[PDB]
Amino acid sequence: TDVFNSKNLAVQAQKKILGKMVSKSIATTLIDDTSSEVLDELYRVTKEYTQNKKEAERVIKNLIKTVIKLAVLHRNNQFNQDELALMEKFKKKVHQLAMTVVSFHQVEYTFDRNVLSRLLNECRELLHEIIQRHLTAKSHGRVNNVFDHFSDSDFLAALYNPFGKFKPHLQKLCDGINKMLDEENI
Ligand SMILES: CCCCCCCC/C=C\CCCCCCCC(=O)O[C@H](COC(=O)CCCCCCCCCCCCCCC)COP(=O)(O)OCCN
């Protein structure tokens with residue numbers, strides 16, 4: 001007759017639900033060994049600047065956590081019409097941030113702390129608004145912890161100081177960002 005036939009379906013649902021959420025979630029955004037180089041450099045410049053190994057650890061952990069959750073949401077079509085448009089603006093703004101970070105190193109002395117703070121904060125606000133309907137307070141805190149550290153004016157000025165400890169880090173960071181850009185991952 002009619003065995004419990006539903007189970008072959010949620011299973012079909014479960015089967016592919018997984019198919020788009022977990023794979024891309026980590027197979028694609030962070031396990032990209034180049035993403036890890038960039039994150040490692042972000043760690044080093046933060047540790048170098050804060051003189052605190054565990055405050056630097058927490059910044060990068062917050063960042064990695066945010067990116068993953070963001071990916072999973074996206075791949076799961078949990079975003080509505082307005083969150084997708086926001087996400088698309090976010091991606092454009094991060095692309096522009098990435099190229100501006102590089103250009104401020106590649107073109108001598110064009111570093112402008114206000115341009116970078118404006119772009120970083122625009123990313124920050126985009127992220128808050130994207131996750132507003134789907135994440136809790138902890139995630140908003142992670143977003144602020146990450147962007148508070150990187151948009152810090154004195155942090156930015158030191159990172160682009162060509163005479164100090166940070167010069168070789170900026171060079172490595174830029175190599176990594178450019179690699180992501182060239183692979184079209186950002
Ligand atoms: C030194 C001063 C500035 C330092 C920067 C501090 C770092 C904070 C800034 C930005 C956070 C980066 C988050 C990137 C999110 C990318 C988009 C995303 O998460 O969604 C996913 C994107 O999917 C991808 O495969 C591409 C992005 C995955 C890698 C991004 C995560 C890397 C983590 C470290 C990146 C650092 C960026 C540095 C920028 C200056 C899912 O959407 P999609 O449909 O697959 O992509 C559509 C395009 N076909």
# chains A, B, ... in the order shown; residues from 1 in each chain; ligands from 1
$ residues_near_ligand --ligand "ligand 1" --cutoff "6 Å" --atoms "only C-alpha atoms and all ligand atoms" --output "ChimeraX atom specification"
/A:28-30,35,39,67,70-71,74,91,94,97-98,150,185-186
$ write_last_selection --atoms "N, CA and C atoms" --output "PDB file, in the first residue's frame"
ATOM      1  N   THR A  28      34.576  26.839  -1.286  1.00  0.00           N
ATOM      2  CA  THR A  28      34.879  28.032  -2.076  1.00  0.00           C
ATOM      3  C   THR A  28      35.372  29.351  -1.453  1.00  0.00           C
ATOM      4  N   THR A  29      34.749  29.876  -0.396  1.00  0.00           N
ATOM      5  CA  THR A  29      35.254  31.185   0.080  1.00  0.00           C
ATOM      6  C   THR A  29      36.536  31.259   0.951  1.00  0.00           C
ATOM      7  N   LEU A  30      36.787  30.326   1.862  1.00  0.00           N
ATOM      8  CA  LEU A  30      37.950  30.447   2.740  1.00  0.00           C
ATOM      9  C   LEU A  30      39.075  29.426   2.611  1.00  0.00           C
ATOM     10  N   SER A  35      42.926  32.994   0.154  1.00  0.00           N
ATOM     11  CA  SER A  35      42.122  33.680   1.169  1.00  0.00           C
ATOM     12  C   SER A  35      42.780  33.565   2.535  1.00  0.00           C
ATOM     13  N   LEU A  39      44.084  36.426   5.068  1.00  0.00           N
ATOM     14  CA  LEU A  39      43.656  36.417   6.473  1.00  0.00           C
ATOM     15  C   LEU A  39      44.843  36.382   7.446  1.00  0.00           C
ATOM     16  N   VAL A  67      31.918  35.839   7.378  1.00  0.00           N
ATOM     17  CA  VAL A  67      31.970  35.463   5.968  1.00  0.00           C
ATOM     18  C   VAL A  67      31.266  34.134   5.721  1.00  0.00           C
ATOM     19  N   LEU A  70      27.568  34.376   6.213  1.00  0.00           N
ATOM     20  CA  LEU A  70      27.052  35.168   5.110  1.00  0.00           C
ATOM     21  C   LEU A  70      26.916  34.282   3.876  1.00  0.00           C
ATOM     22  N   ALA A  71      27.934  33.465   3.638  1.00  0.00           N
ATOM     23  CA  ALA A  71      27.919  32.568   2.498  1.00  0.00           C
ATOM     24  C   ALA A  71      26.722  31.640   2.635  1.00  0.00           C
ATOM     25  N   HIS A  74      23.407  33.128   1.916  1.00  0.00           N
ATOM     26  CA  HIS A  74      23.290  33.421   0.494  1.00  0.00           C
ATOM     27  C   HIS A  74      22.984  32.170  -0.327  1.00  0.00           C
ATOM     28  N   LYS A  91      29.138  43.291  -2.468  1.00  0.00           N
ATOM     29  CA  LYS A  91      30.158  42.686  -3.307  1.00  0.00           C
ATOM     30  C   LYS A  91      30.881  43.735  -4.142  1.00  0.00           C
ATOM     31  N   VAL A  94      33.137  45.792  -1.754  1.00  0.00           N
ATOM     32  CA  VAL A  94      34.306  45.018  -1.329  1.00  0.00           C
ATOM     33  C   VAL A  94      35.326  44.890  -2.465  1.00  0.00           C
ATOM     34  N   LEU A  97      36.968  48.220  -2.530  1.00  0.00           N
ATOM     35  CA  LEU A  97      37.845  48.301  -1.368  1.00  0.00           C
ATOM     36  C   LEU A  97      39.137  47.567  -1.670  1.00  0.00           C
ATOM     37  N   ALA A  98      39.012  46.335  -2.145  1.00  0.00           N
ATOM     38  CA  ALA A  98      40.178  45.520  -2.482  1.00  0.00           C
ATOM     39  C   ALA A  98      41.108  46.207  -3.490  1.00  0.00           C
ATOM     40  N   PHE A 150      39.951  47.678  11.446  1.00  0.00           N
ATOM     41  CA  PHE A 150      40.556  47.943  10.153  1.00  0.00           C
ATOM     42  C   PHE A 150      40.320  49.381   9.698  1.00  0.00           C
ATOM     43  N   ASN A 185      37.670  35.941  -7.159  1.00  0.00           N
ATOM     44  CA  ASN A 185      37.036  35.530  -5.911  1.00  0.00           C
ATOM     45  C   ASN A 185      36.584  36.723  -5.075  1.00  0.00           C
ATOM     46  N   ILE A 186      36.944  37.931  -5.499  1.00  0.00           N
ATOM     47  CA  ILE A 186      36.568  39.139  -4.777  1.00  0.00           C
ATOM     48  C   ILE A 186      36.556  40.353  -5.701  1.00  0.00           C
TER      49      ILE A 186
END
$ select_by_dssp --residues "stretch 14-168 of chain A" --states "alpha helix (DSSP H)" --output "VMD selection string"
chain A and resid 14 to 21 23 to 27 33 to 50 53 to 75 81 to 106 113 to 131 137 to 150 153 to 159 167 to 168
$ closest_residue --among "A:96, A:77, A:121, A:6" --to "residue A:177" --atoms "only C-alpha atoms"
A:96
$ residues_around --residues "residue A:40" --least-positions-apart "2" --cutoff "12 Å" --atoms "only C-alpha atoms" --output "list in words"
residues 30, 33, 34, 35, 36, 37, 38, 42, 43, 44, 45, 46, 47, 48, 56, 57, 59, 60, 61, 63, 64, 169, 172, 173, 176 and 177 of chain A
$ residues_around --residues "residue A:84" --least-positions-apart "6" --cutoff "12 Å" --atoms "only C-alpha atoms" --output "PDB file with N, CA and C atoms, in the first residue's frame"
ATOM      1  N   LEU A  70      27.568  34.376   6.213  1.00  0.00           N
ATOM      2  CA  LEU A  70      27.052  35.168   5.110  1.00  0.00           C
ATOM      3  C   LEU A  70      26.916  34.282   3.876  1.00  0.00           C
ATOM      4  N   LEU A  73      23.901  31.726   4.360  1.00  0.00           N
ATOM      5  CA  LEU A  73      22.661  32.458   4.112  1.00  0.00           C
ATOM      6  C   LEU A  73      22.408  32.604   2.617  1.00  0.00           C
ATOM      7  N   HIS A  74      23.407  33.128   1.916  1.00  0.00           N
ATOM      8  CA  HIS A  74      23.290  33.421   0.494  1.00  0.00           C
ATOM      9  C   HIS A  74      22.984  32.170  -0.327  1.00  0.00           C
ATOM     10  N   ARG A  75      23.810  31.142  -0.161  1.00  0.00           N
ATOM     11  CA  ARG A  75      23.646  29.893  -0.896  1.00  0.00           C
ATOM     12  C   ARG A  75      22.300  29.236  -0.617  1.00  0.00           C
ATOM     13  N   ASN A  76      21.752  29.502   0.562  1.00  0.00           N
ATOM     14  CA  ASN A  76      20.464  28.932   0.954  1.00  0.00           C
ATOM     15  C   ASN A  76      19.260  29.731   0.480  1.00  0.00           C
ATOM     16  N   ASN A  77      19.479  30.777  -0.305  1.00  0.00           N
ATOM     17  CA  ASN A  77      18.360  31.612  -0.739  1.00  0.00           C
ATOM     18  C   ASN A  77      17.538  32.075   0.465  1.00  0.00           C
ATOM     19  N   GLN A  78      18.216  32.355   1.576  1.00  0.00           N
ATOM     20  CA  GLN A  78      17.528  32.889   2.740  1.00  0.00           C
ATOM     21  C   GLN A  78      17.335  34.377   2.558  1.00  0.00           C
ATOM     22  N   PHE A  90      27.127  45.152  -1.669  1.00  0.00           N
ATOM     23  CA  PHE A  90      28.227  44.784  -0.776  1.00  0.00           C
ATOM     24  C   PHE A  90      29.409  44.231  -1.584  1.00  0.00           C
ATOM     25  N   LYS A  91      29.138  43.291  -2.468  1.00  0.00           N
ATOM     26  CA  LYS A  91      30.158  42.686  -3.307  1.00  0.00           C
ATOM     27  C   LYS A  91      30.881  43.735  -4.142  1.00  0.00           C
ATOM     28  N   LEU A 126      26.481  47.949   5.125  1.00  0.00           N
ATOM     29  CA  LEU A 126      25.843  47.011   4.219  1.00  0.00           C
ATOM     30  C   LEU A 126      25.670  45.665   4.914  1.00  0.00           C
ATOM     31  N   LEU A 127      26.719  45.175   5.575  1.00  0.00           N
ATOM     32  CA  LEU A 127      26.654  43.884   6.287  1.00  0.00           C
ATOM     33  C   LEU A 127      25.622  43.862   7.407  1.00  0.00           C
ATOM     34  N   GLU A 129      22.926  45.570   7.626  1.00  0.00           N
ATOM     35  CA  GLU A 129      21.584  45.590   7.085  1.00  0.00           C
ATOM     36  C   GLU A 129      21.212  44.272   6.386  1.00  0.00           C
ATOM     37  N   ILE A 130      22.202  43.607   5.785  1.00  0.00           N
ATOM     38  CA  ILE A 130      21.998  42.304   5.136  1.00  0.00           C
ATOM     39  C   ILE A 130      21.638  41.212   6.149  1.00  0.00           C
ATOM     40  N   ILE A 131      22.302  41.209   7.299  1.00  0.00           N
ATOM     41  CA  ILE A 131      22.071  40.156   8.289  1.00  0.00           C
ATOM     42  C   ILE A 131      20.990  40.507   9.312  1.00  0.00           C
TER      43      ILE A 131
END
$ atom_distance --atom1 "atom CA of residue A:41" --atom2 "atom CA of residue A:147"
15.8 Å
$ atom_distance --atom1 "atom CA of residue A:68" --atom2 "atom CA of residue A:136"
14.8 Å
$ atom_distance --atom1 "atom CA of residue A:79" --atom2 "atom CA of residue A:122"
19.5 Å
$ residues_around --residues "residue A:170" --least-positions-apart "5" --cutoff "12 Å" --atoms "only C-alpha atoms" --output "list in words"
residues 38, 41, 42, 44, 45, 46, 101, 102, 103, 104, 105, 106, 111, 156, 157, 158, 159, 160, 161, 162, 163, 164, 165, 175, 176, 177 and 178 of chain A
$ residues_around --residues "residue A:140" --least-positions-apart "5" --cutoff "9 Å" --atoms "only C-alpha atoms" --output "list in words"
residues 66, 127, 128, 131, 132, 135 and 145 of chain A
$ closest_residue --among "A:114, A:81, A:100, A:62" --to "residue A:141" --atoms "only C-alpha atoms"
A:62
